[PDB]
Amino acid sequence: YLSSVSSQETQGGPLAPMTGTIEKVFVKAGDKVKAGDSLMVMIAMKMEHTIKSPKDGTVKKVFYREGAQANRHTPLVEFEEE
Amino acid sequence: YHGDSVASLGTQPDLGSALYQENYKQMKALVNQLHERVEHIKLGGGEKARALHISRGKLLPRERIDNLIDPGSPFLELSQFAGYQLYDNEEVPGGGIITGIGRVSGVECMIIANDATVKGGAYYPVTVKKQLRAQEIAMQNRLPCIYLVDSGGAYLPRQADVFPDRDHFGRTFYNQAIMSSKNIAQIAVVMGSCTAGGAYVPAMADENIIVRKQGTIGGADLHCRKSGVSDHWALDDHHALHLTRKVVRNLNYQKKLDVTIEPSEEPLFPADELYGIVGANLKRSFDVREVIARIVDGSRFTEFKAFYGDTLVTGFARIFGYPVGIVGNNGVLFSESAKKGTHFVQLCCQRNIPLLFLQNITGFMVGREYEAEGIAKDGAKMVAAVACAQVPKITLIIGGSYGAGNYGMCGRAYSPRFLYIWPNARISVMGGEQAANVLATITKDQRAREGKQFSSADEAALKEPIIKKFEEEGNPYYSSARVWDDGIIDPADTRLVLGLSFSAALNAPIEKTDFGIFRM
Amino acid sequence: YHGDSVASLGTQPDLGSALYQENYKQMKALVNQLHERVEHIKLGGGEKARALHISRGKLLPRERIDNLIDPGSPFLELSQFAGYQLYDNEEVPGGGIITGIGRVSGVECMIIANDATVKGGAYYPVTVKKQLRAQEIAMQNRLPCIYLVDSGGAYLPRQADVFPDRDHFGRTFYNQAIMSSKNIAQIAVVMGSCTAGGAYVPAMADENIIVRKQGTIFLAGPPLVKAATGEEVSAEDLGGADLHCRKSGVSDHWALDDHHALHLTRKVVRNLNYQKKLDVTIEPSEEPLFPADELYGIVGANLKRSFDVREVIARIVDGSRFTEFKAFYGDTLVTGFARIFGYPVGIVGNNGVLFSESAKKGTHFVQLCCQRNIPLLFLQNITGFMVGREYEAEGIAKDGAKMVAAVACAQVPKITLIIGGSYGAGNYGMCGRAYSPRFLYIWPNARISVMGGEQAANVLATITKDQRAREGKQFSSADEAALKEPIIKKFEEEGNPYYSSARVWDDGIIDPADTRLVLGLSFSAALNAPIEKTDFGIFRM
Amino acid sequence: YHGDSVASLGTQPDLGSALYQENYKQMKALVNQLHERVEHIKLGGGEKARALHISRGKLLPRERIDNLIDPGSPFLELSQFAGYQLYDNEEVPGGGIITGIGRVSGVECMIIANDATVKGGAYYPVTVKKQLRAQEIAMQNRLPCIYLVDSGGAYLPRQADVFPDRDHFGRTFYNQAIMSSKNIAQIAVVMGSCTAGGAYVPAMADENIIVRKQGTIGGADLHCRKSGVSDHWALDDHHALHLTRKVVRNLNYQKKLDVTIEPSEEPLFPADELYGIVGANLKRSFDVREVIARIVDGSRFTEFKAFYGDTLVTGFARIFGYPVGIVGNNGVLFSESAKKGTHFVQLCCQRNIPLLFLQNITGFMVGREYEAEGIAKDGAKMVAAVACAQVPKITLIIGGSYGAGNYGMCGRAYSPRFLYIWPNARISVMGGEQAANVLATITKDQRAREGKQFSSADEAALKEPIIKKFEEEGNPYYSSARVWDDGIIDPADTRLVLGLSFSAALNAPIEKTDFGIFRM
Amino acid sequence: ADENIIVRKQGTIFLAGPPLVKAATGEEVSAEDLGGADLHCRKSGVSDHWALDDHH
Amino acid sequence: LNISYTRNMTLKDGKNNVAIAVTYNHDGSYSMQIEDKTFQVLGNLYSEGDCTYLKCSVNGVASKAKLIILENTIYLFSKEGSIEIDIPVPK
Ligand SMILES: CC(C)=CC(=O)SCCNC(=O)CCNC(=O)[C@H](O)C(C)(C)COP(=O)(O)OP(=O)(O)OC[C@@H]1O[C@H](n2cnc3c(N)ncnc32)[C@@H](O)[C@@H]1OP(=O)(O)O
Ligand SMILES: CC(C)=CC(=O)SCCNC(=O)CCNC(=O)[C@H](O)C(C)(C)COP(=O)(O)OP(=O)(O)OC[C@@H]1O[C@H](n2cnc3c(N)ncnc32)[C@@H](O)[C@@H]1OP(=O)(O)O
Ligand SMILES: CC(C)=CC(=O)SCCNC(=O)CCNC(=O)[C@H](O)C(C)(C)COP(=O)(O)OP(=O)(O)OC[C@@H]1O[C@H](n2cnc3c(N)ncnc32)[C@@H](O)[C@@H]1OP(=O)(O)O
Ligand SMILES: O=CCCCC[C@@H]1SC[C@@H]2NC(=O)N[C@@H]21
Ligand SMILES: O=CCCCC[C@@H]1SC[C@@H]2NC(=O)N[C@@H]21
């Protein structure tokens, strides 16, 4: 626990930070993106949020499109199973 | 056993990254601008006024403060930018008065000195507000007040603003009497002519020191030998300051601490990296944990409820050996964040631990589902918790502060012991661009109700003035011209400023905290 | 033995004297002007706004207050003239809010109601100041607070004067939380659609009452939600009585309409379990021996003439009985003991210029009153310096401060009434607005400023001439005259009672004929809180 | 203005409905059974013992209590069923002691009288527990204690149970001394022979009264004329009671009330309809609002948060002119109900209003979604809010009381001033059938883990003993045989019992309430 | 408790266990899902600290 | 303060509602405006035995009658006649 090992063991599926508008999407219907690559940028409040790839696998589908409303904690990028 | 090894916060930033370079450049430019403006303000009222003041044999106010305090002791000046462009054509460097906290004879005291070079020491409304703020700080922290006096009295222009109001120039005397009743010492040195009826300020003081010839509470000889108003007779400025030091030494006061103390350790990372980490653009987001790691002793932080309401950061740390509870913003506030903040504030109040707020708030989350789950309810109980807290509270605004988020994170209206802002901060009721959309919609709807037609071009034209006005009001200098926000601070000096502020605030004992109804 | 016959103050004025007739005429004109202006202010925001408000099924705020309080009980409205010509082109009748003290279920409570007809209930800076003053009064007197919330939040223009500072909008929530923590009940009645600022008020209140359809509590309105996040939602769905009562749980009571909400509020106040207890002794009340309307002739409207304050005292005290203290020492100041509606009071009035003896006598009387726990009443009539240019005022400074401190440190209830001029440090000495009196009132003929316009004009001309002489610039004699005429006009306009009442200073203006009733109501309200011990600072000498 | 017309609670039940008739029949049978059992208990120790006691010239304990209290004043006996079938073959009517609250010389006092006919006044463990409970009630309510004494001392059988424990027979003396220190009066009348070392009970009492010949503290003549232990000498029982009344009259005590009072008004509906409304079957559910409407002054009730968490009923009413906050159960407890109860308890504590709990609880809602929303968290904070409350709390169990719901609704463990149960109540850790399923599953799983096989018939056979045992333990008489639950009460007398209890409990002043951390 | 520490996997806080939940309402749920360190730390918020094992 | 309080009350006479505007004068009398007509009313309640009587003057005309207020009905008994007025019940 001192070496921060438990800090690394944390993972979760992509989700919308809050309810707001999706300004643009960096992930197409089928694309290969490494983890950390931006998927979409969302502006629900005064700030702006960029979504990073939770995993390096190819994106299966894009649930939302620009100008649409994404509810809180809702999936945006579907990742193909590996 | 205190030897158990504890993990330390913070990480080494990437210096080679272009984002770091750009943020560092912007922050360095802002800090240089602030430093040059502070230098110009420190210059004083003017060359001719300074020449006349020196020709009269008096000492300049900054020289007076330097000679008064202990040798080499740091001085914490407050509201250096008061009156900066506040009035259209009149320049009031520093508001015409100088206030700060320094150590005199080993005792921390609040010093209020009039700058005779600025309008002959006349009191502008901003000067009265600054003096009232200093007196309130001293009363809250139980610090002795020292009033070097060189006043020309109320500025006759804008008399209605200063003489009549409850919070305006009559409160200065009221505070002096109340402080004396509570045993907080009040000492007045008449280093300059009191031409107006400012004679009351020394008379209400417990101890007076008046200079032989410059001092004129109307004759110094008449007052020193006959009126008796004078309790001490001083040959010149240096003698008056020496007498003031002796008087403070004869106070019979000893500072005692309630909180536990530990040896002080420096943070593990340089403070100047905050320039690159934070930058000057509010749109980008930075982890507040870096800021915490660069200002706490040894970069040791004990996070509380890390994974619940992660947009808010809370935990325990120590600054200069003083325990502190840190509450920082990492994003939009939600119900979970409000509940977590309430829980942490209750814990800190129960354990009698000072609280530190770092504001980077952008507002409260708004939505139909959020309203269904009582987001307003959580905001209110979190705000209530902050208001009812009796522990020392210090607020630092490192970024935006808008809407009810300002109230939730110990805004100026909730009486923190000190409030500071960095150069990149913007404060307003709401963001400028959003403010514009709201006004246009209400007017367009009202026209539709009455059958009037609202032109699209007219609505857009209405929005443009709102966007520009909001930016000007939000600028840090605009807020500090008024006495809101105490003083703008260099991020590299945040640790030192916080240490000095907490050391000053620990003079008063910590009282018990009583909470109102917690709306469940 | 309480029979002891006692001499009574006051004398019968000469009605036939021309001076009495002229003073009566001037005072009657002033009072008629005040009454007509108050009527126009009471009219409300406007005809179209009132029509829309009635069409929405809601009750007008004054009707709400009338139905809320006990039947026939008097209502003490505060700061009726707030915002009177304060802003250049915008009319804000009453400041957009209504505040006062009335009896609800036999309990004196402070009532704050928003006037939705004025700018849709938006909060101007004067509105915030008025609400803060009302909250401070309630906290000082330990009066339960009732909020009739119908507001559109802070006025978006002029946001800088309403949001940021300490005495700005957030102080409202701060005071609410503090008073709730101190066992002072907070009750919020959401009678209409609130906003982000309005929403927090019901949340912090101990008990909430929300109307079924008109009441809507949303932390952000539909337009605000759309601006912030681009979300569209109806007002009722986002915030409504049914939703808040059933799912969110913010609402504590559900009301069908305005009358039902007021009835529920009365019941809630009834279930407070509070009993008022008095510390001061009480005696049977007796009316004064002289009519109050003679004050018009006695005082008049000209500040240059001087009148004996003993007449005013004799026309407002029970039975016109007054026990003067130190009558022949410092006769320019009048002090003594009397009773108003059976309440003991210490009266401190001005009869001329203040001197060292007057200051010492006032300090002694204030010490006595604080020791005996007797409420204090100040009647201010400070005099201009036309009679005496300086009079070695340095002597006054040494002793004026003794009174200023004694007044500040006093903990007994203090009520200040300004019946004439109030200038210079005399305002501070006689319990000015800065020294936290429980209530402050002014008569229509009062004048307040740092100094008289004529005196100020002379001071400015002399300072400029002397500075110019050292500079070597000749100061024109014509220039001195040029500076004097504008200064006199500015001081007169600023000193007007309506100028001071437009700002929240000096609460409201009162007809002199109603002074006794106003003082009785104010003291009855202020006696709710217990009287604490008084601690004094170091009295010089 | 208190005239304001107000709507009244309650509705007229349908007498012709068969359900009402059946419920009325069952409740009437239960009440008749209770009355006959109470009569038999009141009969006393036995015929021969009573004959011997009368032959000795002494008065029977109930006659002593009747003569002691003011003429016609009601007497509130406590724990009449203590020791009912508690021991296998020994009969202990009333536990061997009599305790209650009555008015002596216009002062409410707690009376403890030993029944010499039961085992010669020897102290069974249940007797010690009953006396300790009475002493605790008196200490909490600041009521003077009067101890008519006719004790044979500790029962030598089961000596380990009574003499050694902290809560066992040594606490009786400790309580007497503490009450004297707090100025709560302690008066002892030795109306009977103290053969054992019960001499301590009069010695520790502030005032003693000893009868000439019957009373021994070892000789009455030796003690009265020489030992001096006696502060008063009485010829017989009547003289001793008269002296006790005089001594109480010389106490110099005046009762003062803190809560406001209003004129008392009777409820709008007959109390006997509660028999039909409630019945005797716990499976059926009844609206607690009927019970509230039949026991409050004028049937006036001000519901609080009516539509939020409707399974819990809270509001304000008045009983005999005493303000009260009623908290009743209308179904399963949920998160909303817990939050609403916490809010109401906070309000009542803030306003210093006595609380009344009506228990018809069946447990806490259990489920994965409920656990996700912190049902346990909401239960905990209500449990805490109830525990930290300092206002007088009275709990009445009108139905089932199981699981943590008992703790939440001011169970016996949370120190209510009084606790009563109606004849239909059942109290257990969980329902018996439910307990049965839980035990069988754990054993079957454990066998599966170790490779053992659990027969289906064996699991069912294991469940049957559990079902029968739970029912026997839950019976109201079983609980009242132990001193849990004070006394079983006739529902028709609920209003009178509550009025007497609140009048007694209002003697002590109401202190401020301090709450722990509210785990938001 | 003022402060809670729950182990990642061994620690499980449920107001009613799986067998108890089934007995009361006939609902089937795993022990970790009904009560677990991750759940209590992240969604229910009962847990105040998250620990990997006993030593931590 | 500086205003005259006017109270709007509704009284049901027979089957038709009637609205009355009552003004509380400083001198203690009341000015009631019904439809387009105004009346100056003053009086007091004095109890004889167990019966409460109302002595009042309406527009300078004085009269006495026994006053009974039972439930939401007002009973005025006098030699000239008997009057029953129903106070509306809030919903
Ligand atoms: C509390 C209550 C209840 C009441 C009161 O307090 S009522 C107080 C009445 N005040 C006096 O009675 C002091 C009158 N001053 C003097 O007697 C002197 O002046 C001194 C003592 C000020 C020393 O100053 P000095 O004489 O050594 O130098 P000077 O350059 O002349 O100083 C600057 C020049 O003063 C002009 N100036 C403008 N406004 C004021 C002002 N309000 N007071 C003084 N001076 C003012 C300035 O405009 C010009 O310079 P500028 O702006 O033209 O460049
Ligand atoms: C506390 C913190 C920390 C933050 C905040 O609080 S941020 C609050 C943001 N406010 C809102 O989000 C409310 C937006 N209003 C509305 O949603 C409605 O309007 C209502 C609810 C107000 C009802 O009013 P309504 O709709 O029934 O009638 P309307 O005539 O339209 O009412 C008057 C018209 O409002 C215009 N108007 C001007 N200034 C404002 C203003 N500040 N607020 C509202 N309206 C304003 C006025 O100029 C015009 O009339 P005029 O001047 O043209 O004649
Ligand atoms: C506090 C500390 C720290 C220590 C102590 O306190 S150590 C106390 C030691 N006790 C004595 O020293 C008193 C010894 N009694 C006697 O001196 C008398 O008896 C009297 C005074 C009790 C009057 O009673 P009595 O004499 O008038 O009538 P009796 O019928 O005889 O009364 C019933 C008969 O007493 C039998 N019996 C059974 N158990 C006891 C018991 N514990 N005490 C007394 N009697 C008991 C009962 O079984 C039988 O009747 P039964 O059950 O056979 O039908
Ligand atoms: O900074 C951008 C949004 C701030 C205002 C958003 C509205 S205004 C008041 C209300 N309370 C908040 O904190 N947010 C909303
Ligand atoms: O009366 C039925 C028993 C249900 C309560 C028993 C306790 S309460 C919380 C926990 N959950 C259960 O189902 N049983 C226990």
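Residue numbers (the deposited numbering), protein chains in the order written: chain B, 636 to 717; chain C, 23 to 239, 261 to 563; chain K, 23 to 563; chain H, 23 to 239, 261 to 563; chain A, 227 to 282; chain L, 545 to 635. Note that beta-carbon positions come from the ideal geometry of N, C-alpha and C, so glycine has one too.
- Proximity to residue 671 (chain B) across B:643, B:645, B:660, B:689 peaks at B:689, based on C-alpha coordinates.
- Chain K has a Cβ within less than 8 Å of the Cβ of residue 634 (chain L).
- Checking the 7 Å criterion, the Cβ of residue 177 (chain H) is within range of a heavy atom belonging to ligand 3.
- The Cβ-Cβ distance between residue 195 (chain C) and residue 145 (chain C) does not fall below 8 Å.
- In this structure, ligand 1 has a non-hydrogen atom nearer than 7 Å to the beta-carbon of residue 447 (chain K).
- Close to residue 656 (chain B), with beta-carbon spacing below 8 Å, are these residues of chain K in chain order: 251, 252.
- For residue 529 (chain H), the closest C-alpha among the options H:69, H:99, H:412 is that of H:99.
- Residue range 229 to 233 is occupied by the beta strand (DSSP E) that includes residue 233 (chain H).
- Close partners of residue 282 (chain A) in chain B (Cβ separation under 8 Å): 636, 641.
- Chain order gives the chain H residues near residue 228 (chain A) as 560, where near means a beta carbon separation below 7 Å.
- In the DSSP assignment, residue 136 (chain K) is bridged to K:119.
- CA-CA distance, residue 41 (chain K) to residue 449 (chain K), rounds to 28 Å.
- Chain C places no beta carbon closer than 8 Å to that of residue 644 (chain B), leaving this residue out of the contacts.
- Three or more Cβ pairs closer than 8 Å define a contact, and the segment 253 to 266 of chain K meets that threshold against the segment 228 to 244 of chain K.
- In the structure shown, the three-state DSSP call for residue 385 (chain K) is helix.
- Residue 262 (chain H) has its CB no nearer than 7 Å to any heavy atom of ligand 3.
- Listed along the chain, the chain C residues whose CB falls inside 7 Å of the CB of residue 683 (chain B) are 326.
- Within chain H, not a single residue places a beta-carbon under 7 Å from that of residue 398 (chain C); the smallest gap is close to 16 Å.
- No Cβ of chain C is located within less than 8 Å of the beta carbon of residue 67 (chain K).
- Identification of residues in the segment 355 to 377 of chain C having a C-beta nearer than 9 Å to some C-beta of chain B yields 374, 375, 377, given in sequence order.
- Between residue 301 (chain K) and residue 372 (chain K), the CB-CB gap reaches or exceeds 8 Å.
- Excluding the 5 residues flanking it on each side, residue 294 (chain K) has same chain C-beta neighbours closer than 6 Å at 207, in chain order.
- DSSP places residue 409 (chain C) outside both helix and strand once states are collapsed to three, so it counts as coil.
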